Amino acid sequence: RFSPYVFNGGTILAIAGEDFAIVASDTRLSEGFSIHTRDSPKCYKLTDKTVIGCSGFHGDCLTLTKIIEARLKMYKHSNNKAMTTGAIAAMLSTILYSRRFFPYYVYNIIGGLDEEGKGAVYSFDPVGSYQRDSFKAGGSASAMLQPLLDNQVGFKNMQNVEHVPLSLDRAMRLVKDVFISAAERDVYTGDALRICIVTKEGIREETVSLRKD
Amino acid sequence: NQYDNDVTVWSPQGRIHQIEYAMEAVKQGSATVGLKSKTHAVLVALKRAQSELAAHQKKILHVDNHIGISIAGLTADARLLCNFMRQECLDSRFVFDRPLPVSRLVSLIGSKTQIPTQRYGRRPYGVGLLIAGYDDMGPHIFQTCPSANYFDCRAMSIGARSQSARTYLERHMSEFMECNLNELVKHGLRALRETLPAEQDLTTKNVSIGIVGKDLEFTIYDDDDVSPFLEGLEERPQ
Amino acid sequence: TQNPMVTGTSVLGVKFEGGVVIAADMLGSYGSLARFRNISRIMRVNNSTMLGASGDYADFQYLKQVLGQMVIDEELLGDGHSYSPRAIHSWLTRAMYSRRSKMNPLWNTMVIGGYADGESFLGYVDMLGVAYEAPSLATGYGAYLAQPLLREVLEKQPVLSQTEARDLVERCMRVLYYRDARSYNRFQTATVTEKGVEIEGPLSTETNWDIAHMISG
Amino acid sequence: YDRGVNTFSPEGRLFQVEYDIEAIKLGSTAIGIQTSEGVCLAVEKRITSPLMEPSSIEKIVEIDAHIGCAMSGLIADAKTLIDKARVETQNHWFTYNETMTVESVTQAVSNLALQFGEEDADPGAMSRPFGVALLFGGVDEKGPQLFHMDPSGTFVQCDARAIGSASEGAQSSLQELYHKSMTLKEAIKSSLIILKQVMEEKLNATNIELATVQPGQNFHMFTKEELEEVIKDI
Amino acid sequence: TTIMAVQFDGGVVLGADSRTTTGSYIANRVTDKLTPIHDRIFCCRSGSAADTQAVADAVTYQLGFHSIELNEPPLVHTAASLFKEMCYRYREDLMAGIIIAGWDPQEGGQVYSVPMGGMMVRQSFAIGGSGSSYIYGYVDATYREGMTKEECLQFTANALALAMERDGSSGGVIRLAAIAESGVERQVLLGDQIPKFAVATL
Amino acid sequence: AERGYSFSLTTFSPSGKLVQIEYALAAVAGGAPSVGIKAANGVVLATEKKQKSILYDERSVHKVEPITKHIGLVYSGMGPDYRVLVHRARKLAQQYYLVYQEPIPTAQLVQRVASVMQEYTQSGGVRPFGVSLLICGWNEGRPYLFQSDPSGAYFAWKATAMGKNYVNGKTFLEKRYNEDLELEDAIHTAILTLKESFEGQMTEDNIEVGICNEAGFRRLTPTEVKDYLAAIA
Amino acid sequence: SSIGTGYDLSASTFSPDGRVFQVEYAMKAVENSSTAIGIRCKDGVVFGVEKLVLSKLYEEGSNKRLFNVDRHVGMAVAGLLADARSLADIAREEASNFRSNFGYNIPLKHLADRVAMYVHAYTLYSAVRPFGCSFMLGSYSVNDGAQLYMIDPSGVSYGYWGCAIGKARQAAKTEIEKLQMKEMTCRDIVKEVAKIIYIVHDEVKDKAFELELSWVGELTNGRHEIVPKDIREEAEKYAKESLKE
Amino acid sequence: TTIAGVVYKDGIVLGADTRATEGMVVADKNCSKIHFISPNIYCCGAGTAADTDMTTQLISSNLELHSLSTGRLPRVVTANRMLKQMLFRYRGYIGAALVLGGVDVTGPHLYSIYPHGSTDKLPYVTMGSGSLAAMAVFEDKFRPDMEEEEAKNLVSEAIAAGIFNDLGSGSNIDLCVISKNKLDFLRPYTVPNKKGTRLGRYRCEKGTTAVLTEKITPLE
Amino acid sequence: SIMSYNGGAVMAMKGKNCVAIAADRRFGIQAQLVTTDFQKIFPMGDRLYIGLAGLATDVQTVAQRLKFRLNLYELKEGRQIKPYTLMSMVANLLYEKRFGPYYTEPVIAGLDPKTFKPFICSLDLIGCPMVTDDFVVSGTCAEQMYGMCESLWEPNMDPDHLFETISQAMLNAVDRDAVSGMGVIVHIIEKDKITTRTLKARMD
Ligand SMILES: [Mg+2]
Ligand SMILES: [Mg+2]
Ligand SMILES: [Mg+2]
Ligand SMILES: [Mg+2]
Ligand SMILES: [Mg+2]
Ligand SMILES: [Mg+2]
Ligand SMILES: [Mg+2]
Ligand SMILES: [Mg+2]
Ligand SMILES: [Mg+2]
Ligand SMILES: [Mg+2]
Ligand SMILES: [Mg+2]
């Protein structure tokens, strides 16, 4: 007949530390058993301290992204200030709910800093249900990345361990590892891995390489 | 007075008083000035305060990254038009992912504000506008009036006693195009000062500046932020 | 459109130094019937952007109608402003997505080719609204037969010349003819450069059938 | 002389909007002052009879925990604007999960500004402006703030402001007493001192409303007693 | 059904069978599938009788007004456009396979095809309808550039004859019509008049 | 682009009168006269078809119109308004028949059209119809004759007149004829009451007449007219 | 004749002597405007306008009184500009819808009759007011040749060889009759257009001014374009020099 | 149902069986299937009885309103147009199959209209479940310009073929002849079906039915 | 099927100068009886009755809405509805729901209000009418009822030989239909009187 949806794959991950937030995603865009492009990162800058990653149906991610952008401009003209990471998250929730009966097939993850300067991460389901987390991943590799983080970043299942804070350095390598391991088992993950780091200084990008197969 | 109350009534002289009256609303508003070099568009305006305990009125508003405006006339109408202008811009970026060409935005204000001037029971928008923007055709300064008419300007000024400012601008036009920002802004501040009673001038409390240009997104300056421009202003009236 | 009728097969697009090139056979299929053998599935959208469409030809004609009016409209203003390749590609994505969201899609996959500001533009657009930019594009079967060749070449030489590129397109348009059962060895080649948009008349490719004589051996 | 409600005068001003500004001058007087430690709002109820419950007269209301508002003029009209405001603050909270600034709230209300007309209009459309003047007092990310808004749709921030019949006089006094460094304690005293002057009746603790909003405490409508306490220092 | 149109210098030739069935029962063996749209413009219809009839009346109405309003002979391309507009717009609710051919003081003789989808394309000669599938090879090997109003008029007679022979959905009598500046002349080919081809034997 | 006046153009004056309605009647009293007679076995309608020049083709237009197979009409007043009401009556006549399968009872058709005429005395943006009608019919044995005027009010008459000299034309009939009059009889006393004002040479093209017996309604031809004219037939 | 006792407030009211004063009043607005002229050469149509210098602060090109209504049709206006511009949008829309429907460029006679009926629609009710403007439509094609039309506030539309609207409608005509356009080429008419403009222009009352020239004919390839600065200057010089005589 | 019409030298003849069925049971042994449009126009209806009624009644009603204004007599193309454009608009949901026939200023016209809205202009047509049976009679014995009686019976012969060969048709054969000056609406034209003569007696004699309650009421 | 949800039977017969109409009395929902005193025949003026079979809700609704129309008709017109006209009135009411019809096939029985003329007819759930000179049936036992009728009806019948005839048709038809019955009621209308009897019948 005609489906108005497609699965393009790609995963998205994010972690929040005392003073930083990280948002990562592979860069492969596929459909069927093919690859549309190897250079299509799912991370996008919303403000100077808020980044969003979208996975699922690219048609919806694109539309959603442009809707968010416009609404921030509106908020700015209206209140004379930029939107705080928390308000953007609250808004995205209602935007997703407006399509409750014809969902945006999309899994979004917001990574940034809260007004208090600390790191923040919000995860959403296609219709707006959300919450804040220390770290979370969505997308195909979703179930591949998570477990390692529950262990490494959450010190779960480990007896007598040192609950040391996620040093931005250790984080950055955890991110690269799970994505490199995932790139090994999920046919959707591969090509490259772009990371976006959000701190008091701004947003900095880094692109690591992945298997092109 | 049979020809004064409805914009659908032409006078035996081929005029529409309601339109003219609305134009009067502009004249009442405090004066504002606009001018552009070949790389920057600048808006300058004088803000008024009801009483001494009240703040000064906004006169410059942000439309989009490449467009800003100054207003004179009914404030409520300014907000209507501003929001229309903002909406039209958001739509451009949404559909075309590019900023709305300033001249095209001006044509829309022209079409939108013309409609009510021709229908019974409706009234002309009661506000004038100086528009400062920057598109792939460079800097621009437009003027729009209660009559759906609009103008492409080298420099301009509307409002109370704006006749002086116009005069000052008409004298130093040739200079504008090659001015560097701060000089361009000064000419603006200088022209505005022309519209004031000799026994008073520009304060960091009553001046507002708007700048957009190849090197900068439309930005507004209001209080301490205005000092940097006021400094180096020859208190040499002329 | 809920059921495509007369359709066009794959469409190719690769960019080179100072321009982009697109290729599309001139076939309008009706199921398995090569029904309309001489129709253009390429269009010139103003001086810096061109478009190629796979899918329902009727819908494509429609887009061609709306896009033509749009360009005309803009030209009337002669205000020194004109849609860029990215702009046309952006609009198309909004359009295709809008229709997909009304459950009444325009059954096309399109390749937008453009050149503006010394940079090359090449964009993809689904009937579902999936859109993206890339150095090489191939829709339909071309995505299984042509894109692997195109990438192969570019992973070893990112920069081609209008000639090196046209050489690749011809090679691909041959592979497509050999393997896509709904292709026609009679295509067009459109090119965009600082000079503009150029479309080349009915072309064909040398085909080699010497393996046919290897039945027994 | 009969013309449309959206007609301009030769002076470039809408007759209706001018004619309602006039109506405000017939309302009771209210004062609002803004201090770094909070904002206060005071208004004379202007009781017209002993048989009328002084309490069933609210010229000062809560918009939201961080925002209070005082009115003057055709109070029936203010009912509507007040509700739109409360509803607006909640839509903002619903959508963005954060409180709305005092400026944005005032602005939201101001957009219903000249939203009146006859022809080319919906059925549930206003046919005339609201004959009301308002004072939005509250505290937000930018500290304590006071805003004034009249029927023209214009609104602005004020360190201190007065509306109503005694407005002219009241504002004169406020200009004499305001200190960029005074306090919420000093502020409230001035308000009542001035309010006492302008009122035609002797200032009772039952013929005035006083409320404050401070960086810590959420909107508070002074009690009959708390008034006695401040009035004690006539 | 089997419809066909050919372009020759100063005009066009149009042909169609006369069979219209509902299932396997012929409800009309003498149908007139060539409909006049305007003084010198005709269309051949295939598909839903109700749809093609309803659409043609609509275009005739549309075109008749357009010409009086311009006080000029309408373009053949315009008539094609009006069919294409309705057939594209309501493509999901119509089952119409149309061919528009006629004479234009400005473009001369022309033939346009507007198949199921709603697309429109100009052609030297066009064929449509169920029976059309059996005469492609024929028509491809027989069409000659430069034929005469006579060669053409005979060329479609053969194609329609062949097609009518093999397609159950086609048959009856062959109707023709030639249009050129001078005007329009319509003829019919009953029984024997219909080209014949010997059925292969021993 | 057009809007519409939603306020009524007819309104009570302090005298309690509905001015526009009176004035409408004035347009009536100033129109070509019409006579209607209920002969207890068929009704007759006749009016003065005064055409200016001889250039007018008396044929092309009629004033005595058939509503249904058994109903008929004539008016006194503004011709264009009439025409409107004729199309609406004929229409009302069909909406009845489709539902009931029985031709519409004359009294019922009158009621329905009267309601329309009344509508134009209260609805916004309009003026009352400047016309008065005389409806005649054979519904269920008995013949009927009615008159409805601008106000939308109607009455049943044994016979009457409207238009110029309707005052004299009435009084004349108020005696110059009575019930029990058979067919052709009522027709004569009708064309006569007409001449009681018809200034000029009342010929077979200066008048038009229709009759409604319990066997359908029809218009009489110039022949049957030229006849009755010779003071008999 | 001073008629106007309520009989001149609504377009939906006839005066006791059969006139619609609102429309007449709208025309005055036009008679007070600056002159614009159109002349059908043998291979196209040429447009010229006396665009008065409102202020030296305005850019050259501000308040243009000539627009492209379709790629093959030009529009020259006089009167209330804002009214004219909306009529230009309508013309454009009309020409665009036509192509979408019938599939070919709109015939100038039709685009003119269409817009004219839209203008006329505004002279029947109290709900709206007549456009205070007049305009000319010019086009060229090989199958239609050159065509020049002019519509006014009443809706009336006609074809011309030459025509003028504005302050000096009359003065401009007596000068156009001196040319034999029917045989003249567009490239030569530019000069004559600019000529008739300076003649008619009032050096006294109306201060400084600018000249706007429109192009459309075999010389432009059917596309209505602005006249090249080069041709304009030449035509300005010729006009100025011919003035000193 | 079997309905048919033929075009002969002086005019037109319409035929029609008279059976109506609710499933495979006969509800009406005498349904009137030839409907009146105008005095010179008649229409036979097959399909959904109710639909055949109301559409036929509406077009009739609309034509009486039409000729009541033009002052002229209705044309067949007009009935054909009105009918087809309505049916088409309902995409087949108004199940009306019609055989339209009448005489114009332009002559006798015979059209066949299908529920989806297409029409056929033909010298002889049939509709209904018995249409193939009837059409056989025509195809085998049809001649142009037949005389009234020579057609008037070809039609009763085709409506007969239907009646016996189609379980959906039975009872009487009604006819309708319309010529430049005549309109013979022959209701029973033929009656080739009679209920078999009752061979026994069952008359219920007063008192045989036991009653449980009685109650009378006098009228006036 | 929807029609046989509540079950039911209705019949009308034509005598010389009289008319009869009877109906079972059961009101059930599938297999289960719910009521024994269910009205299915409604008075629509003196000497005019309508009998409704089919789906219980629409029976009640079609009747109530028909009364609505019948009353006004009689208040506007200055008379009492004529049978052929009430039939056309119901034919209109039902067809206004052509694409979402009421599930009931009515039966009309009566005498001309100003004449002897006996009149009977039945209709489609969509308003197609049928008039006959003998009888008409409606309900879940159309077949059984036709059986009796084609074997018991005689051209002319006095009120009593009509009552005994229609009473036998019902009771016997209704006794070979599982969802019709629980008692039968008969109405015999004569220019002078209205005899209403509830026959003795099975209650299973
Ligand atoms: Mg589908
Ligand atoms: Mg990307
Ligand atoms: Mg792989
Ligand atoms: Mg008269
Ligand atoms: Mg006019
Ligand atoms: Mg000259
Ligand atoms: Mg030119
Ligand atoms: Mg049978
Ligand atoms: Mg009774
Ligand atoms: Mg039972
Ligand atoms: Mg039981």
# chains A, B, ... in the order shown; residues from 1 in each chain; ligands from 1
$ residues_near_ligand --ligand "ligand 6" --cutoff "7 Å" --atoms "only C-alpha atoms and all ligand atoms" --output "number ranges by chain"
G: 175-176, 178-179, 192-193, 195-196
$ select_by_dssp --residues "stretch 17-146 of chain E" --states "strand (DSSP E or B)" --output "number ranges by chain"
E: 20-22, 25-28, 34-38, 41-47, 96-104, 108-114, 121-122, 125-128
$ residues_around --residues "residue D:151" --least-positions-apart "2" --cutoff "8 Å" --atoms "only C-alpha atoms" --output "number ranges by chain"
D: 17, 20-21, 113-114, 129-133, 149, 153-154
$ residues_near_ligand --ligand "ligand 7" --cutoff "9 Å" --atoms "only C-alpha atoms and all ligand atoms" --output "mmCIF file with N, CA, C and O atoms, in the first residue's frame"
data_model
loop_
_atom_site.group_PDB
_atom_site.id
_atom_site.type_symbol
_atom_site.label_atom_id
_atom_site.label_comp_id
_atom_site.auth_asym_id
_atom_site.auth_seq_id
_atom_site.Cartn_x
_atom_site.Cartn_y
_atom_site.Cartn_z
ATOM 1 N N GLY G 38 2.406 54.816 -22.594
ATOM 2 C CA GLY G 38 2.678 53.556 -23.251
ATOM 3 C C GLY G 38 2.467 53.707 -24.739
ATOM 4 O O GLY G 38 1.511 54.350 -25.177
ATOM 5 N N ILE G 39 3.364 53.128 -25.527
ATOM 6 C CA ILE G 39 3.231 53.229 -26.974
ATOM 7 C C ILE G 39 3.613 51.958 -27.728
ATOM 8 O O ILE G 39 4.737 51.455 -27.627
ATOM 9 N N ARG G 40 2.646 51.445 -28.478
ATOM 10 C CA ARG G 40 2.820 50.232 -29.253
ATOM 11 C C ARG G 40 3.644 50.495 -30.514
ATOM 12 O O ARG G 40 3.152 51.100 -31.471
ATOM 13 N N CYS G 41 4.908 50.058 -30.491
ATOM 14 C CA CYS G 41 5.834 50.219 -31.626
ATOM 15 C C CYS G 41 5.400 49.111 -32.598
ATOM 16 O O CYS G 41 4.316 48.547 -32.429
ATOM 17 N N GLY G 44 6.936 45.601 -30.604
ATOM 18 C CA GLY G 44 6.869 45.571 -29.159
ATOM 19 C C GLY G 44 6.061 46.718 -28.597
ATOM 20 O O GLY G 44 5.329 47.389 -29.332
ATOM 21 N N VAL G 45 6.182 46.925 -27.287
ATOM 22 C CA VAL G 45 5.484 48.002 -26.594
ATOM 23 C C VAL G 45 6.524 48.641 -25.698
ATOM 24 O O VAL G 45 7.345 47.940 -25.127
ATOM 25 N N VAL G 46 6.496 49.961 -25.582
ATOM 26 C CA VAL G 46 7.458 50.673 -24.753
ATOM 27 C C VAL G 46 6.762 51.485 -23.657
ATOM 28 O O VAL G 46 5.721 52.113 -23.901
ATOM 29 N N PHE G 47 7.352 51.477 -22.462
ATOM 30 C CA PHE G 47 6.789 52.201 -21.313
ATOM 31 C C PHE G 47 7.725 53.225 -20.721
ATOM 32 O O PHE G 47 8.919 52.974 -20.559
ATOM 33 N N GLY G 48 7.153 54.370 -20.368
ATOM 34 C CA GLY G 48 7.922 55.442 -19.761
ATOM 35 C C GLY G 48 7.124 56.126 -18.666
ATOM 36 O O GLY G 48 5.905 56.318 -18.792
ATOM 37 N N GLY G 74 4.199 43.534 -19.146
ATOM 38 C CA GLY G 74 4.659 44.596 -18.278
ATOM 39 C C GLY G 74 3.483 45.446 -17.835
ATOM 40 O O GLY G 74 2.460 45.539 -18.534
ATOM 41 N N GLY G 138 1.549 45.766 -21.262
ATOM 42 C CA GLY G 138 2.202 45.654 -22.550
ATOM 43 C C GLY G 138 2.888 44.326 -22.771
ATOM 44 O O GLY G 138 3.537 43.788 -21.870
ATOM 45 N N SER G 139 2.756 43.799 -23.983
ATOM 46 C CA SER G 139 3.379 42.528 -24.307
ATOM 47 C C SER G 139 3.682 42.368 -25.782
ATOM 48 O O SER G 139 3.156 43.087 -26.637
ATOM 49 N N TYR G 140 4.532 41.391 -26.061
ATOM 50 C CA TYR G 140 4.898 41.054 -27.427
ATOM 51 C C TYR G 140 5.177 39.549 -27.557
ATOM 52 O O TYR G 140 5.687 38.902 -26.634
ATOM 53 N N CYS G 186 10.837 49.594 -31.795
ATOM 54 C CA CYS G 186 10.957 49.867 -30.379
ATOM 55 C C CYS G 186 12.252 50.579 -30.006
ATOM 56 O O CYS G 186 12.230 51.537 -29.230
ATOM 57 N N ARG G 187 13.371 50.134 -30.570
ATOM 58 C CA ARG G 187 14.671 50.751 -30.285
ATOM 59 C C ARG G 187 14.699 52.276 -30.521
ATOM 60 O O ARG G 187 15.478 53.004 -29.894
ATOM 61 N N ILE G 189 11.708 54.151 -30.404
ATOM 62 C CA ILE G 189 10.642 54.712 -29.574
ATOM 63 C C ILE G 189 11.119 55.126 -28.195
ATOM 64 O O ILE G 189 10.608 56.093 -27.639
ATOM 65 N N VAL G 190 12.074 54.389 -27.631
ATOM 66 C CA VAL G 190 12.588 54.757 -26.319
ATOM 67 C C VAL G 190 12.839 56.265 -26.321
ATOM 68 O O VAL G 190 12.330 56.986 -25.465
ATOM 69 N N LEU G 213 11.890 53.343 -17.808
ATOM 70 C CA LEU G 213 11.563 52.842 -19.138
ATOM 71 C C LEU G 213 11.445 51.324 -19.134
ATOM 72 O O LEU G 213 12.303 50.630 -18.581
ATOM 73 N N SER G 214 10.379 50.813 -19.750
ATOM 74 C CA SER G 214 10.148 49.372 -19.823
ATOM 75 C C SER G 214 10.326 48.875 -21.224
ATOM 76 O O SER G 214 9.996 49.564 -22.187
ATOM 77 N N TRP G 215 10.802 47.640 -21.300
ATOM 78 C CA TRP G 215 11.130 46.944 -22.535
ATOM 79 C C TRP G 215 10.267 45.697 -22.764
ATOM 80 O O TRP G 215 9.981 44.977 -21.828
ATOM 81 N N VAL G 216 9.886 45.447 -24.015
ATOM 82 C CA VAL G 216 9.164 44.231 -24.419
ATOM 83 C C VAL G 216 8.847 44.235 -25.916
ATOM 84 O O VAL G 216 8.080 45.061 -26.412
ATOM 85 N N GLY G 217 9.477 43.309 -26.628
ATOM 86 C CA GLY G 217 9.286 43.203 -28.061
ATOM 87 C C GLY G 217 10.319 42.267 -28.657
ATOM 88 O O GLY G 217 11.033 41.577 -27.927
ATOM 89 N N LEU G 219 12.993 42.924 -29.772
ATOM 90 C CA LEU G 219 14.307 43.341 -29.293
ATOM 91 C C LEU G 219 14.699 42.718 -27.952
ATOM 92 O O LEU G 219 15.882 42.618 -27.627
ATOM 93 N N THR G 220 13.696 42.297 -27.184
ATOM 94 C CA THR G 220 13.900 41.681 -25.865
ATOM 95 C C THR G 220 13.676 40.169 -25.903
ATOM 96 O O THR G 220 13.891 39.470 -24.903
ATOM 97 N N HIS G 224 9.642 40.883 -21.126
ATOM 98 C CA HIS G 224 9.534 42.274 -20.713
ATOM 99 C C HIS G 224 10.689 42.519 -19.739
ATOM 100 O O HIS G 224 10.775 41.893 -18.679
ATOM 101 N N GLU G 225 11.592 43.414 -20.131
ATOM 102 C CA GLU G 225 12.778 43.736 -19.341
ATOM 103 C C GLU G 225 12.860 45.232 -19.148
ATOM 104 O O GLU G 225 12.116 45.983 -19.770
ATOM 105 N N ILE G 226 13.753 45.664 -18.268
ATOM 106 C CA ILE G 226 13.932 47.087 -18.041
ATOM 107 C C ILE G 226 14.784 47.547 -19.222
ATOM 108 O O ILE G 226 15.517 46.743 -19.806
ATOM 109 N N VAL G 227 14.685 48.814 -19.597
ATOM 110 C CA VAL G 227 15.507 49.304 -20.693
ATOM 111 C C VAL G 227 16.934 49.475 -20.178
ATOM 112 O O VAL G 227 17.153 50.080 -19.126
#
$ residues_near_ligand --ligand "ligand 3" --cutoff "10 Å" --atoms "only C-alpha atoms and all ligand atoms" --output "tab-separated table (two decimals) with C-alpha atoms, in the first residue's frame"
chain	number	residue	atom	x	y	z
A	33	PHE	CA	20.32	-3.23	3.31
A	34	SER	CA	21.89	-0.17	1.76
A	35	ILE	CA	23.69	2.97	2.84
A	187	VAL	CA	25.06	-3.48	10.81
A	188	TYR	CA	23.61	0.01	11.16
A	189	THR	CA	26.48	1.46	13.14
A	190	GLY	CA	29.65	2.28	11.29
A	191	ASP	CA	31.53	4.70	9.02
A	211	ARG	CA	34.33	0.38	10.08
A	212	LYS	CA	32.90	1.27	6.71
A	213	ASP	CA	31.27	-2.17	6.52
$ residues_near_ligand --ligand "ligand 9" --cutoff "12 Å" --atoms "only C-alpha atoms and all ligand atoms" --output "JSON, numbers by chain"
{"H": [216, 217, 218, 219, 220], "I": [18, 19, 20, 42, 43, 44, 45, 46, 47, 48, 49, 50, 80, 109, 110, 111, 112, 113, 187, 188, 189, 190, 191, 192, 193, 194, 195, 196]}
$ write_last_selection --atoms "C-alpha atoms" --output "PDB file, in the first residue's frame"
ATOM      1  CA  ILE H 216     -64.715  -2.043  19.852  1.00  0.00           C
ATOM      2  CA  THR H 217     -64.794   1.651  19.056  1.00  0.00           C
ATOM      3  CA  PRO H 218     -67.521   3.467  17.051  1.00  0.00           C
ATOM      4  CA  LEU H 219     -66.554   6.045  14.436  1.00  0.00           C
ATOM      5  CA  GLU H 220     -68.707   8.774  12.847  1.00  0.00           C
TER       6      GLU H 220
ATOM      7  CA  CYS I  18     -63.057  -3.128   5.658  1.00  0.00           C
ATOM      8  CA  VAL I  19     -59.371  -3.687   6.383  1.00  0.00           C
ATOM      9  CA  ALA I  20     -57.341  -5.800   8.795  1.00  0.00           C
ATOM     10  CA  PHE I  42     -49.732   2.308  15.689  1.00  0.00           C
ATOM     11  CA  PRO I  43     -52.812   4.448  15.226  1.00  0.00           C
ATOM     12  CA  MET I  44     -52.174   7.161  12.646  1.00  0.00           C
ATOM     13  CA  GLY I  45     -55.667   8.611  12.659  1.00  0.00           C
ATOM     14  CA  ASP I  46     -59.077   6.951  12.689  1.00  0.00           C
ATOM     15  CA  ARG I  47     -59.428   4.221  10.057  1.00  0.00           C
ATOM     16  CA  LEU I  48     -55.639   4.395   9.443  1.00  0.00           C
ATOM     17  CA  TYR I  49     -53.010   2.249  11.133  1.00  0.00           C
ATOM     18  CA  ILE I  50     -49.341   1.541  10.454  1.00  0.00           C
ATOM     19  CA  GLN I  80     -57.051  14.080   8.018  1.00  0.00           C
ATOM     20  CA  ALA I 109     -53.800  -0.495   6.450  1.00  0.00           C
ATOM     21  CA  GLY I 110     -56.774   1.832   6.376  1.00  0.00           C
ATOM     22  CA  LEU I 111     -59.925   3.278   4.842  1.00  0.00           C
ATOM     23  CA  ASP I 112     -60.224   6.528   2.883  1.00  0.00           C
ATOM     24  CA  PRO I 113     -61.116   9.338   5.360  1.00  0.00           C
ATOM     25  CA  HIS I 187     -57.311  -4.801  14.134  1.00  0.00           C
ATOM     26  CA  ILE I 188     -60.334  -4.851  11.881  1.00  0.00           C
ATOM     27  CA  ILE I 189     -61.413  -1.442  10.645  1.00  0.00           C
ATOM     28  CA  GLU I 190     -64.890  -0.709   9.306  1.00  0.00           C
ATOM     29  CA  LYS I 191     -66.332   2.663   8.301  1.00  0.00           C
ATOM     30  CA  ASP I 192     -68.283   2.478  11.563  1.00  0.00           C
ATOM     31  CA  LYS I 193     -66.097   0.692  14.089  1.00  0.00           C
ATOM     32  CA  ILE I 194     -62.704  -0.613  15.147  1.00  0.00           C
ATOM     33  CA  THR I 195     -62.647  -4.163  16.517  1.00  0.00           C
ATOM     34  CA  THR I 196     -59.453  -5.039  18.423  1.00  0.00           C
TER      35      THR I 196
END
$ residues_near_ligand --ligand "ligand 2" --cutoff "12 Å" --atoms "only C-alpha atoms and all ligand atoms" --output "JSON, numbers by chain"
{"A": [10, 24, 25, 26, 27, 28, 29, 36, 37, 38, 39, 40, 41, 42, 43, 44, 45, 52, 53, 54, 55, 58, 61, 62, 65, 192, 193, 194, 195], "C": [131, 132, 133, 134]}
$ residues_near_ligand --ligand "ligand 10" --cutoff "7 Å" --atoms "only C-alpha atoms and all ligand atoms" --output "PyMOL selection string"
chain I and resi 174-182+204
$ write_last_selection --atoms "C-alpha atoms" --output "PDB file, in the first residue's frame"
ATOM      1  CA  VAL I 174     -45.899 -17.298  13.301  1.00  0.00           C
ATOM      2  CA  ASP I 175     -45.897 -20.856  14.638  1.00  0.00           C
ATOM      3  CA  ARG I 176     -43.229 -21.962  12.189  1.00  0.00           C
ATOM      4  CA  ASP I 177     -40.945 -19.019  13.093  1.00  0.00           C
ATOM      5  CA  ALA I 178     -38.958 -19.286  16.324  1.00  0.00           C
ATOM      6  CA  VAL I 179     -38.639 -15.535  16.943  1.00  0.00           C
ATOM      7  CA  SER I 180     -42.176 -14.459  16.151  1.00  0.00           C
ATOM      8  CA  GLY I 181     -45.198 -15.027  18.354  1.00  0.00           C
ATOM      9  CA  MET I 182     -45.992 -14.843  22.055  1.00  0.00           C
ATOM     10  CA  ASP I 204     -43.291 -20.740  23.018  1.00  0.00           C
TER      11      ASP I 204
END
